[PDB]
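These are the residues of each chain, in order.
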There are 18 protein chains.
Amino acid sequence: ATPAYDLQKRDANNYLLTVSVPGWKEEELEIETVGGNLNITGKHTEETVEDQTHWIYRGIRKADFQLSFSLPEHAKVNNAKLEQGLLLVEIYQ
Amino acid sequence: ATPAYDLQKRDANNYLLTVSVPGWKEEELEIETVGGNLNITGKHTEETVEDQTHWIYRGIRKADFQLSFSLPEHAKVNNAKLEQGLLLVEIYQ
Amino acid sequence: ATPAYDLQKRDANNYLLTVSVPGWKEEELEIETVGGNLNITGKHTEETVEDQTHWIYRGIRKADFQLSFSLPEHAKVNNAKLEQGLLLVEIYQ
Amino acid sequence: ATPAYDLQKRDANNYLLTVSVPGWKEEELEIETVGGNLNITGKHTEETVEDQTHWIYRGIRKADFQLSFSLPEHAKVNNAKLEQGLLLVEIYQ
Amino acid sequence: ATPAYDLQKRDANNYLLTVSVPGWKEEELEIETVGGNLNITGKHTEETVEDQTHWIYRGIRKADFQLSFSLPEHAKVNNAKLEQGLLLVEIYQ
Amino acid sequence: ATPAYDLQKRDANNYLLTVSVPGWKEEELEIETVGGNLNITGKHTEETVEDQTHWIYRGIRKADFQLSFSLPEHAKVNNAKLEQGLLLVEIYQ
Amino acid sequence: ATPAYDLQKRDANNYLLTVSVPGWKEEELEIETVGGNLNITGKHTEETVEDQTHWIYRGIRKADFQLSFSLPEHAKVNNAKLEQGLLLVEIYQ
Amino acid sequence: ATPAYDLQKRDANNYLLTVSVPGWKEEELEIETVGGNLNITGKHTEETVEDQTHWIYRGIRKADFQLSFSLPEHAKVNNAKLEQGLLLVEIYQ
Amino acid sequence: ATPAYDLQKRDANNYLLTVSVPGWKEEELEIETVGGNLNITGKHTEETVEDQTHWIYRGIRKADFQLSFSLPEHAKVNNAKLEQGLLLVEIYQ
Amino acid sequence: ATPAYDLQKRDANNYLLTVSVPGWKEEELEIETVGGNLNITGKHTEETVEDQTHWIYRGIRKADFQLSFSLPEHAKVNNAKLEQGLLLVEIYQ
Amino acid sequence: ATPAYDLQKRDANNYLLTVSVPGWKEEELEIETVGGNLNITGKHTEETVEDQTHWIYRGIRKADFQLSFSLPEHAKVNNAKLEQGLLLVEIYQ
Amino acid sequence: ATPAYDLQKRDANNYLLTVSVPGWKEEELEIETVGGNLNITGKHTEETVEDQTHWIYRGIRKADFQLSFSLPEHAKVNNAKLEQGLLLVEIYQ
Amino acid sequence: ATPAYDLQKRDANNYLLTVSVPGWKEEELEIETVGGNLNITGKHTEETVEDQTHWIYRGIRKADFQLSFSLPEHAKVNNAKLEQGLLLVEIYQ
Amino acid sequence: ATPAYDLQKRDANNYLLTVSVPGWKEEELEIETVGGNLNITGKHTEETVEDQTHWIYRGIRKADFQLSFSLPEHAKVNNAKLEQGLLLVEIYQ
Amino acid sequence: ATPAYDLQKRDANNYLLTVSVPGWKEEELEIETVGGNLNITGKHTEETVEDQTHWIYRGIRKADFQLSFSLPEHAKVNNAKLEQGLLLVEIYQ
Amino acid sequence: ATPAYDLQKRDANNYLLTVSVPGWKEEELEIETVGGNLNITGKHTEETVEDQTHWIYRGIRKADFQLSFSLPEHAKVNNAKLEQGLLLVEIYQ
Amino acid sequence: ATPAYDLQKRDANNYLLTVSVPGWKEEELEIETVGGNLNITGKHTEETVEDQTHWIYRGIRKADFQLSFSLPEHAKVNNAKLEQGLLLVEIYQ
Amino acid sequence: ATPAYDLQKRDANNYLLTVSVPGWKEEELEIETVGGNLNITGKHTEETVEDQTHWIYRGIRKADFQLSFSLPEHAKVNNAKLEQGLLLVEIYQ
């Protein structure tokens, strides 16, 4: 199960990342980077005392996943603005 | 192939639904009911400029959609609030 | 949809690449390399004023795709000879 | 699982067919018709030396094949020309 | 067909590898590493004069596969102890 | 989805079975027959400590299993020996 | 697979429902009338530890269901008594 | 009308047969064993005066049945129990 | 066995019923109503001693009958007239 | 359209006749005997203005019929008795 | 229960009768002629203590019957012959 | 065409057989046995000249017959008695 | 093979006979009356060399038949008229 | 309703047709042809006044008929002869 | 799913084709005869903008087809007129 | 033979019902509404004289039908239109 | 797909097996009795080189099978002779 | 009962027809060709006296068949061969 994602290029020294992230909580998330590389981990909050009579249908899997990536020599980041369940990341090379 | 979604209940009058829909603007999505039934339409803003050269990968198709539902006579909510590709509708019975 | 491909090794300092490329036009193609790495993009010519009565069956998808690859430190190329829809590339390390 | 192929018409006597078949020699492929019908056979040159050690990956199997077709009485073409894993047959009505 | 495998992390400078390898023979295996990187190849012994009346069912594919990996700069190994068809490798960074 | 396994015969009294089961301890697996039938159970040692944080990837689930077989009256083997996720049972007729 | 069904009437001011309900507990199914309709909901006791060896044969499957029923004018419900797998519920007009 | 059945094993001196048997009375069913097997005869109670008006739809046929089962060498029985339309028969070694 | 029956002329708010019933006695016929709606059953009196020689063949079946319909809300009835084996019944809604 | 018949016996000098005969007019039936047999002729009545709406269902058909009878040596006749739209007619043989 | 019949002819002053007639007692059958015909009355025997186990299958039914006959002018009778549980009875016409 | 037949009373180790067979000759019947088990076929003698006028209608089919059953191991037989078209056969196991 | 029959009436001293009777030879049919009835005997013709190819379909069968008749008191006869392969035969009663 | 019919003997190039048709008039029969091929329909003349008493039972259906076949190219016909209700028709191809 | 079909003939030099064609335009289907065969090809008008909300229900599907028909010797085509969904095309021999 | 139908909505004051209705005439169909619903009666034109020879195969049955549909509270109609065998009925709010 | 089957008995000490076996060689099938059961095993000759062009049509599939059969007490086997596709094997009790 | 068949081509002057034909004799089958096609008639040998006791189950129906096949312009035959229930017919150009 691979979550949809987006990636755009802007020129040879700039790239643009867009990530689809509807429904995830802040508490479900913790950061990281290891050896000039890049590590990606997802944890979705363990579900609450929410009555399944109240829960009618669950088509959205809200589970967990984990990715780790060597950053090709040598990419760098700049800021993170999050908006409307889509992820926008500015990248200062 | 079924859409991913989640649904929980809160109290006797209110429900919480989770569907993955990242990046949509309040103009890209619209709420509707008509005397017995109910329709859900996402009408995505005129898309911005899209270059399959810019697009490195398009895993998120973000275009319009349309869902439709019967209203039992005669239930009501309270307001519609939108956030992080997740939708909040207060429903008062 | 992954196009078939071939790869052979010759020894520890030589490798041999064979690519399957039947039907692609010169105008459908443009080159590249970014940051001592390697980028691969496919564009198939937008189809012509070709009458579909004349077109009997289309089993060959002739669409577009795009790949980008960091060259592991540090590979280099030598010439390109193209023959019979198969791709033969000599590689001078 | 159907083979990828394409077919276009040119004029009242001629057609253009596209099938993906890279690397074949005129001896690896042969054209045939016999009084009412028609057979297409690819008979691949005695393969060259193939070492699964050389082979890093074999996505292209390049061995013989056989296709067969009825001829309506009594149609004709003009010549058979082969190029870039694509086949050109001029057909004169 | 991807063989199951396992991987654990211990901290930022240590990793733990576990590989599932039931049924493979010593003679089916030969080692390697190319350009500060890592190459992985599998060869299962060509099957013996073993009578198929005696062979009742073959659900285990015992065939061959091949992987090659650049070691990200710059990982190193320490010893190999093999036990119960699972692979345990100590890794001295 | 069928389990991968292999089965060969040796002599008139003995058979060799190959199933992929890496890492199991003699306490994680148990042999059984009961007057006409036969049961095969893998009962995996109380698992050790498992942290989905430690777990980078879990492709091997190593928990208990249970298989069951009728014994024709009245066949016998000789001993049960376990090695490298492969099982050896000498069977004397 | 469409489920089988029974239902009787007793007179113009009464209806009699007769249902075949083998093996069920009172806690495994519950009645509710919710403004115009009567709903019969089945919820099966938390499974106890049951060894599948202890099960020699299970041809009998035991689950639940939920249906809501408009009371015909003007139906009323009265008691629920269960006997010989048959369940008796008076519905009164 | 013959009953569904289930078998089950319960422990080393016990097995469990489960049969689906709703609405049948103890007196309408009778036990007999004859020479190596076991014969079960059902004589279903005479219907009562039953007004087909009371029957909205009569899908259930209330008649008699008779089953016979070999007692495998050499099972012994303990007690025949019927409840909520499933019939449970324990088998002792 | 259904009686031949007729429904004829009366009014827009009147219906006229005709049933073919030659030879029937009041005592062989008996009336009975059970809420809104209405059901008619015929039981012909125990005759005087009648030899089957007297009744050569029953082509006419003189037994029991049953028929059932829904009333549009809320129709009513006016008189019952019998004539020439034909039944004239005015029904006023 | 000939009339459906039943017949009965009274005695050698007496006979009783039962016939389910809806409709008939004594003035629309006429008697005649001709040379050894007996002939009975039935008519109908002039159709009155009869609206086709008032006839809902004709189960009783009124048309024409034709039959002829003779006396065996040496037969004779008794009385004519009429009853419950059934006729009772004695002859004498 | 009336007896299944076959009949045969001998001659005008003679007749032979075959009837498959299991059971009957000459003393349980009695002759009488009444005014033009002939009447034959059959009885049965007092039921003895008869256990219902000994009767495995009644294919032969013994009940009561009733029949009446007459002589045409001018008929007469011959003899009564009895044979193989078949009766041979001559009259004379 | 099967003979009517009966099986009646004798003992717990005796069976009594009754077949309805009026009019059959010893010569029309013939016995034959072929190992353990046992098969009975009837061929009624070529009659004397018999006109089909003599046999008005065969309602009784006087031809050939065949019936086959398994003996519980190992039953036996005792005498054969014929009476009133009814057959009395004692069978002793 | 007996002939298919139809019959008609003319009058008490006259009768007309229609029978669909293909084949018959006046010389192959012979009349005889015997004691109260009338007997009509039909023959056929000597088979000529008749090739089986010329007979494509026999729908008309020619075999033998046998029938016997008597006069009631007191009957008589009229004429014999022959018509359209249909016979017209008057008697007189 | 198909006429019995026959096809008999004539030649290798001649066919002979026989239809069973006793009682039919030329006026009850009528010929008609519509290109190559050929279709025959029979309409029996309005008879003279004929009472259904005159025709006891129609076992013979004297109505209309229709039959259709393909001619091998290109057969022809020669004469039509009628005899003994049997039809003799020579057909010459 | 095999499509339904109609076809009529008119006489030996004519054929009449009758087809049920609801909702179709003349531009949506086209006739062509192409050397021995007649081909009826259907091509449906470019879809207009149609709101699926504007569609309450579509049980009626509207597409096209293509078939080529050998003219029987010696068929000819004549006009195409459409009415009440029925289409009439004369095919003449 | 009852017609396929489609529904459709057309705008806020309109809905569209589409019914497949080929070959039916306006005069053979009649409209009536009765107390909460709507009743549609089809009386399909009397077939014409139709030669089954003209019918090569007659799969279409030309008979009468009658449909009734509740007008949901409280739809109003505009005009009933039939074309090319589809019937379109617009519904106005 | 369940395979068809034949089997005959010859007498109480004999059984006769008859099987339809078209195209098979003696080497393609083999008999074996293995302690209580008789097993018939089919093994088809090594395929020869067969050109699929040389095959115009193959509606006949040729494989093998293996079944083991309990000899009924007390069956014995005797010879195997094959003729006209039928195979004859005596099984003797 | 008609036979499966296979076709096959064998070389440039040969084709192979393979038909499944078990148990049929040469004399029961006969060849004839008639004007453009080929007709094969099977007349299957008269069954022998066959004891249905010898038949444990008779799934095979031993009757006659007849096949006809057009010899495409213009195939010629060589020899008809039957073996082990498959029928092989070689076709020569």
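Residues numbered from 1 in each chain as written, not as in the entry; some residues may be left out. Chains lettered and ligands numbered in written order. Heavy atoms only, no water. Residues with missing side-chain atoms left out of burial classes, pairs and counts.

**Comments concerning the relation of the copies chain B and chain A**
No. 1: Least-squares fitting of chain B to chain A yields an RMSD of 2.4 Å, with the transformation described by 0.7 Å of translation along the axis and a rotation of 175°. With respect to symmetry, the two chain copies, as superposed, fit the operation of a two-fold axis. Residues of chain B ranked by C-alpha distance from the rotation axis are headed by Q84(B), positioned 1.5 Å from it.
No. 2: Most of the interface of chain B is mirrored in chain A: 72% of its interface residues are interface residues there too. (Least-squares fit on C-alpha atoms. Contact = heavy atoms within 4.5 Å.)

**Brief notes about the interface of chain B and chain A**
For interface size, the figure often reported is the accessible area lost on association.
No. 1: The interface of chain B with chain A comprises 32 residues on the first partner and 28 residues on the second.
No. 2: Looking at the side of chain B that touches chain A, the elements with two or more residues in it are strand 1 (5-9), strand 2 (15-19), strand 5 (55-58) and strand 7 (78-83) of chain B.
No. 3: Residue contributions to the side of chain B that touches chain A peak at five residues, all from strand 1 of chain B.
No. 4: Across the side of chain B that touches chain A, the residue classes tally to 15 nonpolar, nine polar and eight charged.
No. 5: Sheet analysis places strand 1 (residues 5-11) of chain A next to strand 5 of chain B, joined by three bridges and oriented antiparallel. Bridged to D6(A) within strand 5 of chain B is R58(B). (Helix = DSSP H or I, 4+ residues; strand = E, 2+ residues; numbered from the N terminus. Nonpolar A, V, L, I, M, F, W, Y, C, P; charged D, E, K, R; others polar. Pairing = 2+ DSSP bridges.)

**Overview of the pairing of strand 8 (residues 86-92) of chain H**
All names here are of chain H.
No. 1: Direction of pairing for strand 3 (residues 14-20) relative to strand 8: antiparallel, over a ladder of seven bridges. Note on strand 8: the bridge partner recorded for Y15 is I91.
No. 2: For strand 7 (residues 76-83) and strand 8, the ladder comprises seven bridges, and the chain directions are antiparallel. Across the sheet, residue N79 finds its bridge partner in strand 8, namely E90.
No. 3: Counted along the chain from strand 7 to the antiparallel partner strand 8, the turn is two residues long, and its residue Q84 has a positive phi close to 50°.

**Re the sheet that holds strand 2 (residues 37-42) of chain K**
Residue and element names in this part refer to chain K.
No. 1: Pairing is antiparallel across the open sheet formed by three strands, whose spatial order is 1-2-3. Looking along the sheet, the strands with just one partner apiece sit at the ends: strand 1 (29-32) and strand 3 (67-70). Along the sheet, successive strands turn relative to each other by an average axial angle of 20°, direction set aside.
No. 2: Summarising the sheet, strand 1 and strand 2 pair through four bridges and their orientation is antiparallel. Paired with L29 across the two strands is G42, which belongs to strand 2. (Axes fitted to C-alpha atoms, helices over the stretch in contact; angles between N-to-C directions.)

**Brief notes about unusual backbone geometry**
Residue and element names in this part refer to chain D.
No. 1: That bond from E73 to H74 is cis: its omega, 10°, falls within 30 degrees of zero.
No. 2: In this fold, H74 is placed in the loop between strand 6 (65-68) and strand 7 (78-83).
No. 3: For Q84, which is not a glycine, the phi torsion comes out positive at approximately 50°.
No. 4: Within the fold, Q84 resides in the loop between strand 7 and strand 8 (86-91).

**Brief notes about the sheet that holds strand 6 of chain D**
All names here are of chain D.
No. 1: The three strands lie next to each other as 3-4-6, forming an open sheet whose pairing is antiparallel. Unpaired on one side and paired on the other, strand 3 (29-32) and strand 6 mark the two borders of the sheet. Strand-to-strand, the axes of this sheet are offset by a mean angle of 10°, without reference to chain direction.
No. 2: Relative to strand 4 (residues 39-42), strand 3 runs antiparallel, the two being bridged by four bridges. If you follow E30 over to strand 4, its bridge partner there is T41.

**Here's the deal with the side chain of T41(R)**
Residues and elements named next belong to chain R.
No. 1: Inspection of the secondary structure puts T41 in strand 5 (residues 37-42).
No. 2: Within the structure, the side chain of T41 is placed 2.5 Å from the side chain of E32, a separation counted as a polar contact.
No. 3: Excluding residues within four positions of it along the chain, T41 makes contact with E28, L29, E30, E32, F65, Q66 and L67. (Polar contact = N/O pair within 3.5 Å; in protein donor to acceptor, adjacent residues only side chain to side chain.)

**Comments concerning the pattern of salt bridges**
No. 1: Here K43(D) makes a salt bridge to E30(D), at a shortest N to O gap of 2.8 Å. Of this pair, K43(D) sits in the loop between strand 4 and strand 5 (55-58) while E30(D) is found in strand 3, placing the two residues 13 residues apart along the sequence. (Salt bridge = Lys/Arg side-chain N within 4 Å of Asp/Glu carboxyl O.)

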